[PDB]
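Top to bottom, those sequences are chains A and B.
Those letters in the first sequence? Residues 0 to 22, 24 to 111, by the entry's author numbering.
Those letters in the second sequence? Residues 0 to 111, by the entry's author numbering.
Cβ coordinates follow ideal geometry from the N, Cα and C atoms, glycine included.
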Amino acid sequence: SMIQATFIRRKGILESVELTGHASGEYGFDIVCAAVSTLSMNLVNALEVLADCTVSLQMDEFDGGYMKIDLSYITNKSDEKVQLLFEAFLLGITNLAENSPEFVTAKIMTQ
Amino acid sequence: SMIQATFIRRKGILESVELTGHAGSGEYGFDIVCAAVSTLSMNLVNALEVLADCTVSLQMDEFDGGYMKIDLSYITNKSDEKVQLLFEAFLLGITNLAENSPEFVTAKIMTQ
Ligand SMILES: [Ca+2]
Ligand SMILES: [Ca+2]
């Protein structure tokens, strides 16, 4: 199947990412899925543990799976450590999109 | 097949990490874990360069299970806030894999 990641950047800072497809494909897709799940879970964990950042997170396993990490209402969303971890996450997803376009599509939107 | 990661912390800062086994073994469960480890590994290298203004020394090979060592010991800005945050995030991810999949990943943290 396909993983689609949609990032929203507002006033220069990353605020949210929405992913669909994280939950059935060939071997190659299983491997890409593992890479995306790992990066996603490490962002949430590193935000909480290392950047003193409470994340809003919606996740479900239905019809391909859905995940949204949303900092839009989080007080220290524009924090340097927060934004660094988010940028690193964006970098990893972008590299997967570049290396594995058959399995990953990324949209970055400024608002 | 087993991934072994060895982190060295010196005077409070992460200085190096050495990994072996992550090249895969040909077993489904382990290769999913290997994919997780390689993704985090390569993201640390790429994020350090792109986002933390830090070019690492990096040795890598694919022989007998794979070897990788990221070494900041000689880099003058090893102690930088962005550099250490990325490195601690990587340690956090590896440690979480060691917790969740002990049968595939073992970690050593050494404060020498
Ligand atoms: Ca491209
Ligand atoms: Ca334990």
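TODO: Check distances from the C-beta atoms of the stretch 91 to 106 of chain B to those of chain A and list, in chain order, the residues that come in under 7 Å.
DONE: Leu91, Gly92 and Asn95
Task: Residues near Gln58/A by beta carbon distance below 8 Å, same chain, minus five either side - done: Apart from sequence neighbours up to five positions away, the residues of its chain that approach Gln58/A with a beta-carbon distance below 8 Å are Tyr66, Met67, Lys68 and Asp70, ordered along the chain.
Task: Proximal residues of chain B, C-beta to C-beta of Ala34/A below 7 Å - done: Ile31, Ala34 and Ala35
- [ ] Find the residues of chain A that neighbour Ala46/B, judging by a C-beta separation of less than 7 Å, and give them in chain order.
- [x] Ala88 and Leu91
Open item on the list: I want to verify the contact list: residues of chain A whose CB lies under 7 Å from the CB of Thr19/B, in sequence order.
Closed with: Those do not exist, as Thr19/B stays about 19 Å from chain A at its closest Cβ, beyond 7 Å.
Task: Residue from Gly92/B, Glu17/B and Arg9/B with nearest C-alpha to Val32/B - done: For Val32/B, the nearest C-alpha among the options comes from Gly92/B.
Open item on the list: Quick check on residue 23/A: does DSSP put it in helix, strand or coil?
Closed with: In the model as presented, chain A runs from 22 straight to 24, which leaves residue 23/A without coordinates.
Open item on the list: Suppose you measure from the CA of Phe62/B to the CA of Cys53/B; what does that come to, to the nearest Å?
Closed with: 27 Å
- [ ] Name the one or two DSSP bridge partners that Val16/B has.
- [x] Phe6/B and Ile69/B
TODO: Less than 8 Å between the CB atoms is what I'm expecting for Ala4/B and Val16/B, so what's the real figure, rounded?
DONE: 6 Å
Open item on the list: Does the CB of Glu80/A have a neighbour CB from chain B at under 9 Å?
Closed with: yes
Open item on the list: Against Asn42/B, what residues of chain A qualify as contacts under a CB-to-CB distance less than 8 Å, listed in chain order?
Closed with: Neighbours of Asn42/B on chain A, chain order: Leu39, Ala88, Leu91, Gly92 and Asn95.
Open item on the list: Below 8 Å, is the gap between the Cβ of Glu98/B and the nearest heavy atom of ligand 2?
Closed with: yes
Task: Interface positions of the stretch 49 to 81 of chain A facing chain B (Cβ-Cβ less than 9 Å), listed along the chain - done: The stretch 49 to 81 of chain A vs chain B, Cβ under 9 Å: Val49, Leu50, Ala51, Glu80 and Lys81.
Open item on the list: Less than 8 Å separating the Cβ of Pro101/B from some heavy atom of ligand 1?
Closed with: no
Task: Reference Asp60/B, options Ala106/B, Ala22/B and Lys107/B, closest by Cα - done: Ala22/B
Open item on the list: Taking the alpha carbon of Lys10/A as the reference point, which residue from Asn42/A, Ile2/A, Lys77/A and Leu39/A has its own alpha carbon closest?
Closed with: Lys77/A
Task: Within-9 Å CB hit, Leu85/A to chain B - done: yes
Open item on the list: Relative to the C-alpha of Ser72/B, which candidate in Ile12/B, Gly28/B and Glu102/B has its C-alpha closest?
Closed with: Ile12/B
Open item on the list: Can you find the residues in the same chain that come closer than 7 Å, C-beta to C-beta, to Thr110/A, ignoring five residues on each side of it along the sequence?
Closed with: The answer, listed in chain order, is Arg8.
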